[PDB]
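> What follows is final.json, made up of JSON, N, CA and C atoms (P, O5', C5', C4', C3', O3' and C1' of nucleotides) and all ligand atoms:
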[["chain", "number", "residue", "atom", "x", "y", "z"],
["Z", 1, "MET", "N", 11.32, 11.03, -0.32],
["Z", 1, "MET", "CA", 11.46, 11.13, 1.15],
["Z", 1, "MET", "C", 11.26, 9.76, 1.82],
["Z", 2, "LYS", "N", 11.96, 9.64, 2.94],
["Z", 2, "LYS", "CA", 11.97, 8.50, 3.88],
["Z", 2, "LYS", "C", 10.53, 7.96, 4.03],
["Z", 3, "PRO", "N", 10.26, 6.76, 3.51],
["Z", 3, "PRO", "CA", 8.88, 6.25, 3.46],
["Z", 3, "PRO", "C", 8.49, 5.65, 4.81],
["Z", 4, "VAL", "N", 8.03, 6.56, 5.65],
["Z", 4, "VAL", "CA", 7.64, 6.29, 7.05],
["Z", 4, "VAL", "C", 6.24, 5.65, 7.05],
["Z", 5, "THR", "N", 6.27, 4.34, 7.29],
["Z", 5, "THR", "CA", 5.06, 3.50, 7.45],
["Z", 5, "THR", "C", 4.46, 3.68, 8.85],
["Z", 6, "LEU", "N", 3.24, 3.18, 9.04],
["Z", 6, "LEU", "CA", 2.69, 2.98, 10.40],
["Z", 6, "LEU", "C", 3.66, 2.24, 11.34],
["Z", 7, "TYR", "N", 4.31, 1.20, 10.83],
["Z", 7, "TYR", "CA", 5.22, 0.34, 11.64],
["Z", 7, "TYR", "C", 6.31, 1.15, 12.36],
["Z", 8, "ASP", "N", 6.80, 2.15, 11.63],
["Z", 8, "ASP", "CA", 7.85, 3.12, 12.00],
["Z", 8, "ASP", "C", 7.46, 4.08, 13.13],
["Z", 9, "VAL", "N", 6.31, 4.73, 12.95],
["Z", 9, "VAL", "CA", 5.76, 5.57, 14.04],
["Z", 9, "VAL", "C", 5.42, 4.75, 15.28],
["Z", 10, "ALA", "N", 4.86, 3.57, 15.02],
["Z", 10, "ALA", "CA", 4.45, 2.63, 16.07],
["Z", 10, "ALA", "C", 5.64, 2.17, 16.95],
["Z", 11, "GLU", "N", 6.69, 1.71, 16.28],
["Z", 11, "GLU", "CA", 7.98, 1.31, 16.90],
["Z", 11, "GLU", "C", 8.62, 2.38, 17.80],
["Z", 12, "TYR", "N", 8.69, 3.61, 17.27],
["Z", 12, "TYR", "CA", 9.18, 4.82, 17.93],
["Z", 12, "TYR", "C", 8.29, 5.28, 19.10],
["Z", 13, "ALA", "N", 6.99, 5.17, 18.90],
["Z", 13, "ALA", "CA", 6.00, 5.65, 19.90],
["Z", 13, "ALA", "C", 5.90, 4.74, 21.13],
["Z", 14, "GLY", "N", 5.91, 3.42, 20.91],
["Z", 14, "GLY", "CA", 5.72, 2.41, 21.97],
["Z", 14, "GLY", "C", 4.44, 1.58, 21.82],
["Z", 15, "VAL", "N", 4.05, 1.40, 20.57],
["Z", 15, "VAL", "CA", 2.79, 0.75, 20.14],
["Z", 15, "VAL", "C", 2.99, -0.15, 18.89],
["Z", 16, "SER", "N", 2.01, -1.02, 18.72],
["Z", 16, "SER", "CA", 1.92, -1.93, 17.57],
["Z", 16, "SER", "C", 1.30, -1.20, 16.37],
["Z", 17, "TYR", "N", 1.73, -1.58, 15.17],
["Z", 17, "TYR", "CA", 1.25, -0.97, 13.91],
["Z", 17, "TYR", "C", -0.28, -0.99, 13.78],
["Z", 18, "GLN", "N", -0.92, -1.98, 14.39],
["Z", 18, "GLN", "CA", -2.39, -2.09, 14.49],
["Z", 18, "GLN", "C", -3.08, -0.88, 15.15],
["Z", 19, "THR", "N", -2.52, -0.56, 16.31],
["Z", 19, "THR", "CA", -2.94, 0.48, 17.27],
["Z", 19, "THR", "C", -2.76, 1.87, 16.64],
["Z", 20, "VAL", "N", -1.60, 2.10, 16.04],
["Z", 20, "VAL", "CA", -1.31, 3.30, 15.23],
["Z", 20, "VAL", "C", -2.19, 3.40, 13.96],
["Z", 21, "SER", "N", -2.55, 2.24, 13.41],
["Z", 21, "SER", "CA", -3.66, 2.11, 12.43],
["Z", 21, "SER", "C", -5.02, 2.55, 12.98],
["Z", 22, "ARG", "N", -5.43, 1.99, 14.13],
["Z", 22, "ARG", "CA", -6.64, 2.38, 14.88],
["Z", 22, "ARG", "C", -6.59, 3.70, 15.69],
["Z", 23, "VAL", "N", -5.56, 4.49, 15.40],
["Z", 23, "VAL", "CA", -5.54, 5.95, 15.62],
["Z", 23, "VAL", "C", -6.18, 6.70, 14.43],
["Z", 24, "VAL", "N", -5.88, 6.18, 13.25],
["Z", 24, "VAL", "CA", -6.30, 6.71, 11.94],
["Z", 24, "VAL", "C", -7.64, 6.10, 11.52],
["Z", 25, "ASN", "N", -7.67, 4.78, 11.32],
["Z", 25, "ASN", "CA", -8.83, 4.01, 10.85],
["Z", 25, "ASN", "C", -9.07, 2.74, 11.65],
["Z", 26, "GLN", "N", -10.36, 2.45, 11.81],
["Z", 26, "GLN", "CA", -10.96, 1.50, 12.76],
["Z", 26, "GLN", "C", -10.63, 1.91, 14.22],
["Z", 27, "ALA", "N", -10.64, 3.21, 14.45],
["Z", 27, "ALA", "CA", -10.17, 3.81, 15.71],
["Z", 27, "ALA", "C", -10.88, 3.34, 16.97],
["Z", 28, "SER", "N", -10.06, 2.64, 17.76],
["Z", 28, "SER", "CA", -10.46, 1.95, 18.99],
["Z", 28, "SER", "C", -9.19, 1.38, 19.63],
["Z", 29, "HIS", "N", -9.18, 1.39, 20.95],
["Z", 29, "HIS", "CA", -8.13, 0.80, 21.81],
["Z", 29, "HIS", "C", -6.71, 1.36, 21.60],
["Z", 30, "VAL", "N", -6.65, 2.67, 21.81],
["Z", 30, "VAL", "CA", -5.40, 3.44, 21.87],
["Z", 30, "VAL", "C", -5.47, 4.41, 23.04],
["Z", 31, "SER", "N", -4.79, 3.93, 24.07],
["Z", 31, "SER", "CA", -5.02, 4.36, 25.45],
["Z", 31, "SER", "C", -4.16, 5.58, 25.75],
["Z", 32, "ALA", "N", -4.35, 6.16, 26.91],
["Z", 32, "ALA", "CA", -3.90, 7.54, 27.20],
["Z", 32, "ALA", "C", -2.45, 7.89, 26.82],
["Z", 33, "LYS", "N", -1.49, 7.25, 27.46],
["Z", 33, "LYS", "CA", -0.07, 7.56, 27.22],
["Z", 33, "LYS", "C", 0.41, 7.01, 25.87],
["Z", 34, "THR", "N", -0.14, 5.86, 25.45],
["Z", 34, "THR", "CA", 0.21, 5.23, 24.17],
["Z", 34, "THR", "C", -0.23, 6.09, 22.97],
["Z", 35, "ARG", "N", -1.44, 6.62, 23.05],
["Z", 35, "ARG", "CA", -2.00, 7.65, 22.16],
["Z", 35, "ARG", "C", -1.27, 9.00, 22.25],
["Z", 36, "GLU", "N", -0.90, 9.44, 23.46],
["Z", 36, "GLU", "CA", 0.02, 10.59, 23.61],
["Z", 36, "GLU", "C", 1.35, 10.38, 22.89],
["Z", 37, "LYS", "N", 1.89, 9.16, 22.95],
["Z", 37, "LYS", "CA", 3.11, 8.77, 22.21],
["Z", 37, "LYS", "C", 2.93, 8.83, 20.69],
["Z", 38, "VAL", "N", 1.74, 8.47, 20.17],
["Z", 38, "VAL", "CA", 1.42, 8.53, 18.73],
["Z", 38, "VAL", "C", 1.24, 9.99, 18.25],
["Z", 39, "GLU", "N", 0.65, 10.81, 19.12],
["Z", 39, "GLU", "CA", 0.51, 12.27, 18.93],
["Z", 39, "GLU", "C", 1.86, 13.00, 18.94],
["Z", 40, "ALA", "N", 2.78, 12.49, 19.77],
["Z", 40, "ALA", "CA", 4.20, 12.85, 19.75],
["Z", 40, "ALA", "C", 4.85, 12.46, 18.41],
["Z", 41, "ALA", "N", 4.93, 11.15, 18.18],
["Z", 41, "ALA", "CA", 5.42, 10.49, 16.94],
["Z", 41, "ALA", "C", 4.99, 11.12, 15.61],
["Z", 42, "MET", "N", 3.68, 11.27, 15.38],
["Z", 42, "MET", "CA", 3.16, 12.03, 14.21],
["Z", 42, "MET", "C", 3.94, 13.31, 13.86],
["Z", 43, "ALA", "N", 4.50, 13.95, 14.87],
["Z", 43, "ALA", "CA", 5.39, 15.12, 14.70],
["Z", 43, "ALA", "C", 6.89, 14.76, 14.65],
["Z", 44, "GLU", "N", 7.36, 14.00, 15.64],
["Z", 44, "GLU", "CA", 8.74, 13.48, 15.69],
["Z", 44, "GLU", "C", 9.27, 12.64, 14.51],
["Z", 45, "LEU", "N", 8.37, 11.90, 13.86],
["Z", 45, "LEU", "CA", 8.56, 11.37, 12.49],
["Z", 45, "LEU", "C", 7.45, 11.96, 11.60],
["Z", 46, "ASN", "N", 7.79, 12.23, 10.35],
["Z", 46, "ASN", "CA", 6.81, 12.76, 9.38],
["Z", 46, "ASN", "C", 6.20, 11.66, 8.50],
["Z", 47, "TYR", "N", 5.24, 11.01, 9.15],
["Z", 47, "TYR", "CA", 4.44, 9.91, 8.59],
["Z", 47, "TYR", "C", 3.83, 10.18, 7.21],
["Z", 48, "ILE", "N", 4.04, 9.15, 6.37],
["Z", 48, "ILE", "CA", 3.56, 9.07, 4.98],
["Z", 48, "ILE", "C", 2.44, 8.00, 4.90],
["Z", 49, "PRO", "N", 1.20, 8.46, 4.86],
["Z", 49, "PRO", "CA", 0.01, 7.62, 4.62],
["Z", 49, "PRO", "C", 0.10, 6.76, 3.36],
["Z", 50, "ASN", "N", 0.10, 5.44, 3.61],
["Z", 50, "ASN", "CA", 0.15, 4.34, 2.62],
["Z", 50, "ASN", "C", 1.56, 3.84, 2.24],
["Z", 51, "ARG", "N", 2.61, 4.59, 2.55],
["Z", 51, "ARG", "CA", 3.97, 4.08, 2.25],
["Z", 51, "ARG", "C", 4.94, 4.17, 3.44],
["T", 1, "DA", "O5'", -17.33, -7.24, 31.92],
["T", 1, "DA", "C5'", -16.70, -6.38, 30.96],
["T", 1, "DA", "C4'", -15.23, -6.09, 31.23],
["T", 1, "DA", "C3'", -14.71, -5.32, 30.04],
["T", 1, "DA", "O3'", -13.91, -4.21, 30.48],
["T", 1, "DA", "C1'", -13.31, -7.08, 30.39],
["T", 2, "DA", "P", -13.61, -2.97, 29.50],
["T", 2, "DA", "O5'", -12.06, -3.20, 29.22],
["T", 2, "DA", "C5'", -11.04, -2.30, 29.67],
["T", 2, "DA", "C4'", -9.65, -2.70, 29.17],
["T", 2, "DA", "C3'", -9.40, -2.16, 27.79],
["T", 2, "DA", "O3'", -8.03, -1.77, 27.57],
["T", 2, "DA", "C1'", -9.15, -4.44, 27.71],
["T", 3, "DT", "P", -7.77, -0.31, 26.98],
["T", 3, "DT", "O5'", -6.25, -0.35, 26.45],
["T", 3, "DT", "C5'", -5.96, -0.59, 25.08],
["T", 3, "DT", "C4'", -5.80, -2.08, 24.87],
["T", 3, "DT", "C3'", -5.20, -2.39, 23.54],
["T", 3, "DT", "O3'", -3.82, -1.97, 23.49],
["T", 3, "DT", "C1'", -6.42, -4.17, 24.57],
["T", 4, "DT", "P", -3.01, -1.85, 22.11],
["T", 4, "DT", "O5'", -2.45, -3.32, 21.87],
["T", 4, "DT", "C5'", -1.68, -3.96, 22.89],
["T", 4, "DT", "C4'", -1.42, -5.44, 22.63],
["T", 4, "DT", "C3'", -0.70, -5.71, 21.33],
["T", 4, "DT", "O3'", 0.24, -6.75, 21.61],
["T", 4, "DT", "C1'", -2.66, -6.88, 21.31],
["T", 5, "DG", "P", 1.57, -6.93, 20.75],
["T", 5, "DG", "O5'", 1.17, -7.98, 19.61],
["T", 5, "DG", "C5'", 0.99, -9.34, 20.04],
["T", 5, "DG", "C4'", -0.09, -10.14, 19.33],
["T", 5, "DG", "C3'", 0.34, -10.53, 17.93],
["T", 5, "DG", "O3'", 0.61, -11.95, 17.92],
["T", 5, "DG", "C1'", -1.94, -9.83, 18.02],
["T", 6, "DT", "P", 1.30, -12.78, 16.74],
["T", 6, "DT", "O5'", 0.07, -13.57, 16.07],
["T", 6, "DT", "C5'", -0.92, -14.28, 16.83],
["T", 6, "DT", "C4'", -2.25, -14.42, 16.08],
["T", 6, "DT", "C3'", -1.98, -14.80, 14.65],
["T", 6, "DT", "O3'", -2.45, -16.13, 14.38],
["T", 6, "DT", "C1'", -3.79, -13.30, 14.82],
["T", 7, "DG", "P", -2.08, -16.93, 13.04],
["T", 7, "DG", "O5'", -3.41, -16.74, 12.16],
["T", 7, "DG", "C5'", -4.74, -16.72, 12.74],
["T", 7, "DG", "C4'", -5.71, -15.75, 12.04],
["T", 7, "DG", "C3'", -5.88, -15.99, 10.55],
["T", 7, "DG", "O3'", -7.24, -16.35, 10.26],
["T", 7, "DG", "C1'", -5.94, -13.72, 11.01],
["T", 8, "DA", "P", -7.59, -17.27, 8.99],
["T", 8, "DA", "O5'", -8.36, -16.29, 7.98],
["T", 8, "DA", "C5'", -9.65, -15.68, 8.21],
["T", 8, "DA", "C4'", -9.73, -14.29, 7.59],
["T", 8, "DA", "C3'", -9.34, -14.29, 6.12],
["T", 8, "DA", "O3'", -10.23, -13.55, 5.27],
["T", 8, "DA", "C1'", -8.41, -12.45, 7.13],
["T", 9, "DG", "P", -11.78, -13.90, 5.09],
["T", 9, "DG", "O5'", -12.05, -12.89, 3.88],
["T", 9, "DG", "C5'", -12.22, -11.49, 4.20],
["T", 9, "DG", "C4'", -11.16, -10.56, 3.68],
["T", 9, "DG", "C3'", -10.88, -10.86, 2.23],
["T", 9, "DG", "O3'", -11.28, -9.71, 1.47],
["T", 9, "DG", "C1'", -9.08, -10.01, 3.29],
["T", 10, "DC", "P", -11.46, -9.75, -0.11],
["T", 10, "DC", "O5'", -11.06, -8.24, -0.42],
["T", 10, "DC", "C5'", -11.73, -7.17, 0.27],
["T", 10, "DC", "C4'", -10.87, -5.92, 0.36],
["T", 10, "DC", "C3'", -10.47, -5.38, -1.00],
["T", 10, "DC", "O3'", -10.57, -3.91, -0.98],
["T", 10, "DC", "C1'", -8.57, -5.76, 0.14],
["T", 11, "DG", "P", -10.44, -3.02, -2.32],
["T", 11, "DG", "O5'", -8.86, -2.68, -2.34],
["T", 11, "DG", "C5'", -8.31, -1.44, -1.85],
["T", 11, "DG", "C4'", -6.78, -1.46, -1.95],
["T", 11, "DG", "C3'", -6.28, -1.54, -3.38],
["T", 11, "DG", "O3'", -6.09, -0.27, -4.04],
["T", 11, "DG", "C1'", -4.83, -2.51, -1.73],
["D", 1, "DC", "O5'", 8.84, -5.71, 0.85],
["D", 1, "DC", "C5'", 8.18, -5.02, 1.93],
["D", 1, "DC", "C4'", 6.72, -4.71, 1.64],
["D", 1, "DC", "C3'", 5.96, -3.98, 2.76],
["D", 1, "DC", "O3'", 6.10, -2.58, 2.55],
["D", 1, "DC", "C1'", 4.56, -5.19, 1.32],
["D", 2, "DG", "P", 5.99, -1.51, 3.73],
["D", 2, "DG", "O5'", 4.44, -1.11, 3.64],
["D", 2, "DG", "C5'", 3.90, -0.18, 2.69],
["D", 2, "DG", "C4'", 2.39, -0.12, 2.85],
["D", 2, "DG", "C3'", 2.06, 0.16, 4.31],
["D", 2, "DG", "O3'", 1.65, 1.54, 4.51],
["D", 2, "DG", "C1'", 0.57, -1.41, 3.33],
["D", 3, "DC", "P", 1.19, 2.20, 5.91],
["D", 3, "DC", "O5'", -0.35, 1.75, 6.03],
["D", 3, "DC", "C5'", -1.36, 2.14, 5.08],
["D", 3, "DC", "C4'", -2.62, 1.29, 5.18],
["D", 3, "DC", "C3'", -3.24, 1.39, 6.54],
["D", 3, "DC", "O3'", -4.43, 2.19, 6.46],
["D", 3, "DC", "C1'", -3.46, -0.80, 5.63],
["D", 4, "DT", "P", -5.30, 2.55, 7.76],
["D", 4, "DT", "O5'", -6.42, 1.42, 7.68],
["D", 4, "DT", "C5'", -7.35, 1.39, 6.58],
["D", 4, "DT", "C4'", -8.29, 0.19, 6.63],
["D", 4, "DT", "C3'", -9.27, 0.20, 7.79],
["D", 4, "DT", "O3'", -10.57, 0.11, 7.17],
["D", 4, "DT", "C1'", -8.36, -1.86, 7.65],
["D", 5, "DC", "P", -11.90, 0.68, 7.86],
["D", 5, "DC", "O5'", -12.44, -0.65, 8.58],
["D", 5, "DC", "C5'", -12.98, -1.73, 7.82],
["D", 5, "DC", "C4'", -12.85, -3.08, 8.54],
["D", 5, "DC", "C3'", -13.47, -3.11, 9.93],
["D", 5, "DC", "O3'", -14.85, -3.56, 9.83],
["D", 5, "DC", "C1'", -11.59, -4.58, 9.63],
["D", 6, "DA", "P", -15.94, -3.42, 11.01],
["D", 6, "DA", "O5'", -15.69, -4.69, 11.96],
["D", 6, "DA", "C5'", -16.10, -5.96, 11.42],
["D", 6, "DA", "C4'", -15.44, -7.18, 12.02],
["D", 6, "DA", "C3'", -15.89, -7.36, 13.45],
["D", 6, "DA", "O3'", -16.36, -8.73, 13.60],
["D", 6, "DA", "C1'", -13.67, -7.54, 13.40],
["D", 7, "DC", "P", -16.88, -9.32, 15.00],
["D", 7, "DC", "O5'", -15.59, -10.16, 15.46],
["D", 7, "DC", "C5'", -15.07, -11.27, 14.71],
["D", 7, "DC", "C4'", -13.93, -12.02, 15.41],
["D", 7, "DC", "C3'", -14.49, -12.51, 16.72],
["D", 7, "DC", "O3'", -14.20, -13.90, 16.90],
["D", 7, "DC", "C1'", -12.60, -11.23, 17.17],
["D", 8, "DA", "P", -15.11, -14.77, 17.89],
["D", 8, "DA", "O5'", -14.03, -15.34, 18.92],
["D", 8, "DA", "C5'", -12.91, -16.06, 18.38],
["D", 8, "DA", "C4'", -11.64, -15.83, 19.19],
["D", 8, "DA", "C3'", -11.84, -16.35, 20.60],
["D", 8, "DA", "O3'", -10.74, -17.19, 21.05],
["D", 8, "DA", "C1'", -10.91, -14.28, 20.65],
["D", 9, "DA", "P", -10.49, -18.70, 20.55],
["D", 9, "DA", "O5'", -9.13, -19.18, 21.25],
["D", 9, "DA", "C5'", -7.88, -18.60, 20.84],
["D", 9, "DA", "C4'", -7.32, -17.61, 21.86],
["D", 9, "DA", "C3'", -7.07, -18.29, 23.19],
["D", 9, "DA", "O3'", -5.73, -18.79, 23.17],
["D", 9, "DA", "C1'", -7.36, -15.95, 23.39],
["D", 10, "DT", "P", -5.02, -19.55, 24.40],
["D", 10, "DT", "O5'", -4.24, -18.39, 25.20],
["D", 10, "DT", "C5'", -3.28, -17.55, 24.53],
["D", 10, "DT", "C4'", -3.04, -16.16, 25.10],
["D", 10, "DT", "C3'", -2.46, -16.19, 26.51],
["D", 10, "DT", "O3'", -1.13, -15.64, 26.56],
["D", 10, "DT", "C1'", -4.07, -14.51, 26.27],
["D", 11, "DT", "P", -0.24, -15.75, 27.90],
["D", 11, "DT", "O5'", -0.79, -14.56, 28.85],
["D", 11, "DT", "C5'", -0.59, -13.15, 28.60],
["D", 11, "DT", "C4'", -1.60, -12.26, 29.34],
["D", 11, "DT", "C3'", -1.55, -12.28, 30.87],
["D", 11, "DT", "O3'", -0.68, -11.30, 31.46],
["D", 11, "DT", "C1'", -3.72, -11.87, 29.97],
["M", 101, "NA", "NA", -4.02, 5.52, 6.76]]
Spell out the structure here as structure tokens.

Amino acid sequence: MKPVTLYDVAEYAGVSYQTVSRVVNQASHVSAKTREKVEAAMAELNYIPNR
DNA sequence: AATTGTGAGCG
DNA sequence: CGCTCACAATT
């Protein structure tokens, strides 16, 4: 399956791969609508942890 | 001060 | 190349 990285969800959502990382781990500085976009994205793309 | 991006450092 | 961790320079 399509190896959906953080970079991929991040690009689609409207955020940097760092921020989508700090949704998962080192979680900090993912603000209201940007985090809503990642919560959207997590479903709209089927993210693969580590690849 | 608030986050991104740079860097750094492990995977 | 993939992800986490903390930090400062831009803003
Ligand atoms: Na992860």
> Can you tell me, as a PyMOL selection string, what residues are no more than 12 Å from residue 6 in chain D when counting only C-alpha atoms (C1' of nucleotides), ignoring any on the same chain fewer than 4 positions away?
(chain Z and resi 26+28) or (chain T and resi 6-9)
> Using all atoms listed in the file and a cut-off of 6.5 Å, which residues of chain T sit close to chain Z? Please list them as number ranges by chain.
T: 2-5
> Show me which residues are within 6.5 Å of ligand NA 101 (chain M) counting only N, CA and C atoms (P, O5', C5', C4', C3', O3' and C1' of nucleotides) and all ligand atoms, and format the list as an MDAnalysis selection string.
(chainID Z and resid 24:25 49:50) or (chainID D and resid 3:4)
> Extending 6 Å beyond the listed atoms of range 5-11 of chain T on each side, what axis-aligned box results? I want centre and edge lengths in Å to one decimal, as AutoDock Vina command-line options.

--center_x -5.3 --center_y -8.8 --center_z 8.4 --size_x 25.8 --size_y 29.0 --size_z 36.8
> Would you work out the distance separating atom N of residue 51 in chain Z from atom N of residue 5 in chain Z, expressed in Å to one decimal?
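Straight-line distance from atom N of residue 51 in chain Z to atom N of residue 5 in chain Z works out to 6.0 Å.
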> Could you pull out the residues in chain Z that DSSP calls alpha helix (DSSP H) from the backbone, as a PDB file with N, CA and C atoms, in the frame of the given file?

ATOM      1  N   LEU Z   6       3.240   3.180   9.040  1.00  0.00           N
ATOM      2  CA  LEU Z   6       2.690   2.980  10.400  1.00  0.00           C
ATOM      3  C   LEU Z   6       3.660   2.240  11.340  1.00  0.00           C
ATOM      4  N   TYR Z   7       4.310   1.200  10.830  1.00  0.00           N
ATOM      5  CA  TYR Z   7       5.220   0.340  11.640  1.00  0.00           C
ATOM      6  C   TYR Z   7       6.310   1.150  12.360  1.00  0.00           C
ATOM      7  N   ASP Z   8       6.800   2.150  11.630  1.00  0.00           N
ATOM      8  CA  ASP Z   8       7.850   3.120  12.000  1.00  0.00           C
ATOM      9  C   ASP Z   8       7.460   4.080  13.130  1.00  0.00           C
ATOM     10  N   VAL Z   9       6.310   4.730  12.950  1.00  0.00           N
ATOM     11  CA  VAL Z   9       5.760   5.570  14.040  1.00  0.00           C
ATOM     12  C   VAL Z   9       5.420   4.750  15.280  1.00  0.00           C
ATOM     13  N   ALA Z  10       4.860   3.570  15.020  1.00  0.00           N
ATOM     14  CA  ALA Z  10       4.450   2.630  16.070  1.00  0.00           C
ATOM     15  C   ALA Z  10       5.640   2.170  16.950  1.00  0.00           C
ATOM     16  N   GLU Z  11       6.690   1.710  16.280  1.00  0.00           N
ATOM     17  CA  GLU Z  11       7.980   1.310  16.900  1.00  0.00           C
ATOM     18  C   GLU Z  11       8.620   2.380  17.800  1.00  0.00           C
ATOM     19  N   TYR Z  12       8.690   3.610  17.270  1.00  0.00           N
ATOM     20  CA  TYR Z  12       9.180   4.820  17.930  1.00  0.00           C
ATOM     21  C   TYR Z  12       8.290   5.280  19.100  1.00  0.00           C
ATOM     22  N   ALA Z  13       6.990   5.170  18.900  1.00  0.00           N
ATOM     23  CA  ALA Z  13       6.000   5.650  19.900  1.00  0.00           C
ATOM     24  C   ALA Z  13       5.900   4.740  21.130  1.00  0.00           C
ATOM     25  N   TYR Z  17       1.730  -1.580  15.170  1.00  0.00           N
ATOM     26  CA  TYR Z  17       1.250  -0.970  13.910  1.00  0.00           C
ATOM     27  C   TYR Z  17      -0.280  -0.990  13.780  1.00  0.00           C
ATOM     28  N   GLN Z  18      -0.920  -1.980  14.390  1.00  0.00           N
ATOM     29  CA  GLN Z  18      -2.390  -2.090  14.490  1.00  0.00           C
ATOM     30  C   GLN Z  18      -3.080  -0.880  15.150  1.00  0.00           C
ATOM     31  N   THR Z  19      -2.520  -0.560  16.310  1.00  0.00           N
ATOM     32  CA  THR Z  19      -2.940   0.480  17.270  1.00  0.00           C
ATOM     33  C   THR Z  19      -2.760   1.870  16.640  1.00  0.00           C
ATOM     34  N   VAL Z  20      -1.600   2.100  16.040  1.00  0.00           N
ATOM     35  CA  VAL Z  20      -1.310   3.300  15.230  1.00  0.00           C
ATOM     36  C   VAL Z  20      -2.190   3.400  13.960  1.00  0.00           C
ATOM     37  N   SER Z  21      -2.550   2.240  13.410  1.00  0.00           N
ATOM     38  CA  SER Z  21      -3.660   2.110  12.430  1.00  0.00           C
ATOM     39  C   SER Z  21      -5.020   2.550  12.980  1.00  0.00           C
ATOM     40  N   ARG Z  22      -5.430   1.990  14.130  1.00  0.00           N
ATOM     41  CA  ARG Z  22      -6.640   2.380  14.880  1.00  0.00           C
ATOM     42  C   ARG Z  22      -6.590   3.700  15.690  1.00  0.00           C
ATOM     43  N   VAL Z  23      -5.560   4.490  15.400  1.00  0.00           N
ATOM     44  CA  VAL Z  23      -5.540   5.950  15.620  1.00  0.00           C
ATOM     45  C   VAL Z  23      -6.180   6.700  14.430  1.00  0.00           C
ATOM     46  N   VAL Z  24      -5.880   6.180  13.250  1.00  0.00           N
ATOM     47  CA  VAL Z  24      -6.300   6.710  11.940  1.00  0.00           C
ATOM     48  C   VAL Z  24      -7.640   6.100  11.520  1.00  0.00           C
ATOM     49  N   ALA Z  32      -4.350   6.160  26.910  1.00  0.00           N
ATOM     50  CA  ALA Z  32      -3.900   7.540  27.200  1.00  0.00           C
ATOM     51  C   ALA Z  32      -2.450   7.890  26.820  1.00  0.00           C
ATOM     52  N   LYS Z  33      -1.490   7.250  27.460  1.00  0.00           N
ATOM     53  CA  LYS Z  33      -0.070   7.560  27.220  1.00  0.00           C
ATOM     54  C   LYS Z  33       0.410   7.010  25.870  1.00  0.00           C
ATOM     55  N   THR Z  34      -0.140   5.860  25.450  1.00  0.00           N
ATOM     56  CA  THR Z  34       0.210   5.230  24.170  1.00  0.00           C
ATOM     57  C   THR Z  34      -0.230   6.090  22.970  1.00  0.00           C
ATOM     58  N   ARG Z  35      -1.440   6.620  23.050  1.00  0.00           N
ATOM     59  CA  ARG Z  35      -2.000   7.650  22.160  1.00  0.00           C
ATOM     60  C   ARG Z  35      -1.270   9.000  22.250  1.00  0.00           C
ATOM     61  N   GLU Z  36      -0.900   9.440  23.460  1.00  0.00           N
ATOM     62  CA  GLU Z  36       0.020  10.590  23.610  1.00  0.00           C
ATOM     63  C   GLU Z  36       1.350  10.380  22.890  1.00  0.00           C
ATOM     64  N   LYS Z  37       1.890   9.160  22.950  1.00  0.00           N
ATOM     65  CA  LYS Z  37       3.110   8.770  22.210  1.00  0.00           C
ATOM     66  C   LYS Z  37       2.930   8.830  20.690  1.00  0.00           C
ATOM     67  N   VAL Z  38       1.740   8.470  20.170  1.00  0.00           N
ATOM     68  CA  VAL Z  38       1.420   8.530  18.730  1.00  0.00           C
ATOM     69  C   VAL Z  38       1.240   9.990  18.250  1.00  0.00           C
ATOM     70  N   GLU Z  39       0.650  10.810  19.120  1.00  0.00           N
ATOM     71  CA  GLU Z  39       0.510  12.270  18.930  1.00  0.00           C
ATOM     72  C   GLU Z  39       1.860  13.000  18.940  1.00  0.00           C
ATOM     73  N   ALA Z  40       2.780  12.490  19.770  1.00  0.00           N
ATOM     74  CA  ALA Z  40       4.200  12.850  19.750  1.00  0.00           C
ATOM     75  C   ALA Z  40       4.850  12.460  18.410  1.00  0.00           C
ATOM     76  N   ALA Z  41       4.930  11.150  18.180  1.00  0.00           N
ATOM     77  CA  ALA Z  41       5.420  10.490  16.940  1.00  0.00           C
ATOM     78  C   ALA Z  41       4.990  11.120  15.610  1.00  0.00           C
ATOM     79  N   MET Z  42       3.680  11.270  15.380  1.00  0.00           N
ATOM     80  CA  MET Z  42       3.160  12.030  14.210  1.00  0.00           C
ATOM     81  C   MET Z  42       3.940  13.310  13.860  1.00  0.00           C
ATOM     82  N   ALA Z  43       4.500  13.950  14.870  1.00  0.00           N
ATOM     83  CA  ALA Z  43       5.390  15.120  14.700  1.00  0.00           C
ATOM     84  C   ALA Z  43       6.890  14.760  14.650  1.00  0.00           C
ATOM     85  N   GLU Z  44       7.360  14.000  15.640  1.00  0.00           N
ATOM     86  CA  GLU Z  44       8.740  13.480  15.690  1.00  0.00           C
ATOM     87  C   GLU Z  44       9.270  12.640  14.510  1.00  0.00           C
TER      88      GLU Z  44
END
> Have a look at CA of residue 36 in chain Z and CA of residue 8 in chain Z and let me know their distance in Å, one decimal.
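Separation of CA of residue 36 in chain Z and CA of residue 8 in chain Z: 15.9 Å.
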> What is the distance between CA of residue 4 in chain Z and CA of residue 33 in chain Z, in Å to one decimal?
21.6 Å
> For range 29-43 of chain Z in the structure I just supplied, write out C-alpha atoms - as a compact mmCIF listing (two decimals), in the first residue's frame.

# COMPACT_ATOMS: atom_id res chain seq x y z
CA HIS Z 29 2.42 23.48 18.98
CA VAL Z 30 -0.39 22.16 16.79
CA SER Z 31 -3.00 24.79 16.87
CA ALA Z 32 -6.79 24.70 16.49
CA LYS Z 33 -7.56 24.62 12.73
CA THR Z 34 -4.14 23.13 11.80
CA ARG Z 35 -4.76 20.23 14.24
CA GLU Z 36 -8.37 19.97 12.91
CA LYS Z 37 -6.74 19.60 9.44
CA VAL Z 38 -4.49 16.74 10.77
CA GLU Z 39 -7.58 15.07 12.37
CA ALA Z 40 -9.21 15.41 8.92
CA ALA Z 41 -6.06 14.12 7.07
CA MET Z 42 -5.56 11.04 9.35
CA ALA Z 43 -8.86 9.87 7.76
